[PDB]
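First to last, the sequence lines map onto chains A, B, C, D, E and F.
The first sequence begins at 2 in the deposited numbering and counts up one residue at a time.
The second sequence begins at 613 in the deposited numbering and counts up one residue at a time.
The third sequence begins at 446 in the deposited numbering and counts up one residue at a time.
The fourth sequence begins at 57 in the deposited numbering and counts up one residue at a time.
If you use the deposited numbering, the fifth sequence corresponds to residues 198 to 222, 227 to 233, 241 to 246, in order.
The sixth sequence begins at 168 in the deposited numbering and counts up one residue at a time.
Scroll down for the structure; my scribbles are underneath it.
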Amino acid sequence: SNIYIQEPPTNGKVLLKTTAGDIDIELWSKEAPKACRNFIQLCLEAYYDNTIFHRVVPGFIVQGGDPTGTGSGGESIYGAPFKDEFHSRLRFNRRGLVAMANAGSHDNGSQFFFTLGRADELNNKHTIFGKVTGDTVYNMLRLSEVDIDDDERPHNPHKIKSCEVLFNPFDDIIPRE
Amino acid sequence: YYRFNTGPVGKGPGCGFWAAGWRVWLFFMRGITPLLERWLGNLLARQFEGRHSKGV
Amino acid sequence: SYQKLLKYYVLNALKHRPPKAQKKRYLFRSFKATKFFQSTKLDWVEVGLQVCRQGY
Amino acid sequence: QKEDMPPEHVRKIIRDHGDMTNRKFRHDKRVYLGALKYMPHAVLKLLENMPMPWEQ
Amino acid sequence: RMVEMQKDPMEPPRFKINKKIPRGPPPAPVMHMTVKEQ
Amino acid sequence: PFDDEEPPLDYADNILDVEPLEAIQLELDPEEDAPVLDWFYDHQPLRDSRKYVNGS
Ligand SMILES: O=P(O)(O)O[C@H]1[C@H](OP(=O)(O)O)[C@@H](OP(=O)(O)O)[C@H](OP(=O)(O)O)[C@@H](OP(=O)(O)O)[C@H]1OP(=O)(O)O
Numbered sequence: 002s003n004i005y006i007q008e009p010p011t012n013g014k015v016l017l018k019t020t021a022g023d024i025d026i027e028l029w030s031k032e033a034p035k036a037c038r039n040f041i042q043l044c045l046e047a048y049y050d051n052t053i054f055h056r057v058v059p060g061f062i063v064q065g066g067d068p069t070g071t072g073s074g075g076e077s078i079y080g081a082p083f084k085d086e087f088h089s090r091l092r093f094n095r096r097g098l099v100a101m102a103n104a105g106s107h108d109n110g111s112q113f114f115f116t117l118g119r120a121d122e123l124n125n126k127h128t129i130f131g132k133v134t135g136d137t138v139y140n141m142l143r144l145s146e147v148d149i150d151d152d153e154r155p156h157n158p159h160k161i162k163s164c165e166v167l168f169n170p171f172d173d174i175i176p177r178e
Numbered sequence: 613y614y615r616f617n618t619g620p621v622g623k624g625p626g627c628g629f630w631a632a633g634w635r636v637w638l639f640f641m642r643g644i645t646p647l648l649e650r651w652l653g654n655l656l657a658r659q660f661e662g663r664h665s666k667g668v
Numbered sequence: 446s447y448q449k450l451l452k453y454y455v456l457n458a459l460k461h462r463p464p465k466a467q468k469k470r471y472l473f474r475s476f477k478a479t480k481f482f483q484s485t486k487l488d489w490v491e492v493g494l495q496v497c498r499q500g501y
Numbered sequence: 057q058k059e060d061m062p063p064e065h066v067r068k069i070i071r072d073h074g075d076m077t078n079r080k081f082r083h084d085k086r087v088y089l090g091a092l093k094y095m096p097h098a099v100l101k102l103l104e105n106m107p108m109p110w111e112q
Numbered sequence: 198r199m200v201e202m203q204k205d206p207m208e209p210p211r212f213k214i215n216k217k218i219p220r221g222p227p228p229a230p231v232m233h241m242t243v244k245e246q
Numbered sequence: 168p169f170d171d172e173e174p175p176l177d178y179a180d181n182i183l184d185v186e187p188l189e190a191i192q193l194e195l196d197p198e199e200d201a202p203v204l205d206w207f208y209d210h211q212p213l214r215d216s217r218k219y220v221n222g223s
């Protein structure tokens, strides 16, 4: 009577209220303290409010986190793109993963994406700072249901209306004004 | 297990007291080590030197 | 089981030849004196992990 | 005396070589394989030093 | 100054010996029949 | 305790950072068990004492 699923335990929790419904994100702040610190503070700063999801690749990812909505924008709390963080225990085997988009190494911005399925080619490339909880999973997937226009852009892109941090693992985060 | 589960304590799963079992495998390993050294030695030697041609 | 443990006990006692011949050869001292080995100190757990990886 | 080294040294070596599948490594593949002969020895020394249940 | 090279103790037998080549070749002098017998 | 397809853990990445979580221990009486009590559950109890043991 044993069916094993191996993954390190998470820490922290953040609620995303979107046009597609609620999304609960469990974060790994032991493995990815830098990108989870960035994400938590940017959520506390109202930086993700009314930010659309500008890129949807069917069965691959749905991408958001740009205040400008163009997809080339966004910035971190560190005044510069911060470092990538990888682990053998964090992989993409499945949909339900919340990871950092980049144009290359150490390029990490404020943009992030949800995994619509397996991507084995993004391994050791994008950092995985979180996962969506099963109960809220379907809502994430509704982010990916749109009529997609040119250059992977939805015609009516879903938005992030607000942000709630349910559990903050970091003591020292001070949101910027 | 008999001695341990003597009184109130039941047939349940939780008895730790390995020391004994642990000993036993170590004695095993003490002897088997030289065997495996000799056998794995030969395995490696066949792999690298070649199976001896003569069967002399 | 008690009967079988006595059987092991007695057999060991009966069987107990002295070493009968002795050599003081040392393995780790030979390995350690040679430049290909270095020594350190690690967490047991950490070594264990390292050994399993090495065996794989 | 063979003074002992920083523990991170061995940590990093293995982490570099974690699978000796890297094109760069090459010659370790022969060397690593050779060791197999003393692996059981290593196991016995590992196991006999388990930590006991009162040690963290 | 001749120095012997240190051998790696976990190195396997380097090269392969099995190959087989026919036995090599002066005789000492020996110094040692009737029809019916034939 | 882990899947086959799950690779072995870097000690340094997970284990090193994390706390050790309490061992078994026992609540020795401060009064009656005092002699033994200060070093009872240390690794090699009285290693550094020129009074109690030979030495290292
Ligand atoms: O009572 P448990 O803690 O569950 O122990 C059981 C059980 O012991 P008892 O029946 O004596 O209580 C089995 O006994 P049997 O069912 O075979 O009579 C024993 O089996 P063995 O006689 O082969 O030891 C079995 O082990 P297993 O399930 O492998 O047979 C062992 O539990 P474990 O499996 O936990 O040892």
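Idealized CB from N, CA, C, for every residue including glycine.
How should residue i be labelled, buried or exposed, when 16 other C-beta atoms within 10 angstroms of its C-beta is the threshold for buried?
{"i": "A632/B", "result": "exposed"}
{"i": "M141/A", "result": "buried"}
{"i": "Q246/E", "result": "exposed"}
{"i": "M101/A", "result": "buried"}
{"i": "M207/E", "result": "buried"}
{"i": "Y79/A", "result": "exposed"}
{"i": "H159/A", "result": "buried"}
{"i": "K217/E", "result": "exposed"}
{"i": "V636/B", "result": "exposed"}
{"i": "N457/C", "result": "exposed"}
{"i": "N51/A", "result": "exposed"}
{"i": "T242/E", "result": "exposed"}
From the DSSP output, in three-state form, read off residue i for me.
{"i": "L98/A", "result": "strand"}
{"i": "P155/A", "result": "strand"}
{"i": "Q64/A", "result": "strand"}
{"i": "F168/A", "result": "strand"}
{"i": "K465/C", "result": "coil"}
{"i": "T242/E", "result": "coil"}
{"i": "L656/B", "result": "helix"}
{"i": "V200/E", "result": "coil"}
{"i": "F114/A", "result": "strand"}
{"i": "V57/A", "result": "strand"}
{"i": "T645/B", "result": "helix"}
{"i": "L28/A", "result": "strand"}
{"i": "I70/D", "result": "helix"}
{"i": "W651/B", "result": "helix"}
{"i": "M141/A", "result": "helix"}
{"i": "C497/C", "result": "helix"}
{"i": "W630/B", "result": "coil"}
So which of the options has the shortest CA-CA distance to residue i?
{"i": "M61/D", "options": "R498/C, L494/C, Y453/C, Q483/C", "result": "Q483/C"}
{"i": "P34/A", "options": "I24/A, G13/A, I53/A, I26/A", "result": "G13/A"}
{"i": "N109/A", "options": "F61/A, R177/A, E86/A, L123/A", "result": "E86/A"}
{"i": "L195/F", "options": "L188/F, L204/F, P187/F, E189/F", "result": "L204/F"}
{"i": "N124/A", "options": "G105/A, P68/A, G60/A", "result": "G105/A"}
{"i": "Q57/D", "options": "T485/C, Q467/C, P464/C", "result": "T485/C"}
{"i": "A21/A", "options": "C37/A, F54/A, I6/A", "result": "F54/A"}
{"i": "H83/D", "options": "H233/E, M241/E, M232/E, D205/E", "result": "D205/E"}
{"i": "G118/A", "options": "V147/A, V138/A, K126/A, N103/A", "result": "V138/A"}
{"i": "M202/E", "options": "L487/C, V496/C, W489/C, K480/C", "result": "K480/C"}
Assuming residue i contacts residue j under a Cβ cut-off of 8 Å, what Cβ separation, rounded to an integer in Å, is found between them?
{"i": "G653/B", "j": "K85/D", "result": "With 8 Å as the limit, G653/B and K85/D do not qualify as a contact, their Cβ atoms being about 19 Å apart."}
{"i": "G90/D", "j": "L647/B", "result": "That belief does not hold up - the Cβ atoms of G90/D and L647/B are roughly 19 Å apart, past 8 Å."}
{"i": "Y48/A", "j": "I161/A", "result": "Wrong, their Cβ atoms sit about 10 Å apart, outside the cutoff."}
{"i": "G66/A", "j": "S111/A", "result": "5 Å"}
{"i": "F130/A", "j": "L28/A", "result": "6 Å"}
{"i": "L98/A", "j": "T116/A", "result": "4 Å"}
{"i": "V496/C", "j": "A98/D", "result": "6 Å"}
Per the DSSP calculation, residue i is bridged to which residue(s)?
{"i": "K18/A", "result": "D23/A, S163/A"}
{"i": "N109/A", "result": "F83/A"}
{"i": "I41/A", "result": "None; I41/A has no bridge partner."}
{"i": "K449/C", "result": "DSSP, once it has assigned bridges, lists no residue as partnering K449/C."}
{"i": "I129/A", "result": "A100/A"}
{"i": "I149/A", "result": "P155/A"}
{"i": "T52/A", "result": "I161/A"}
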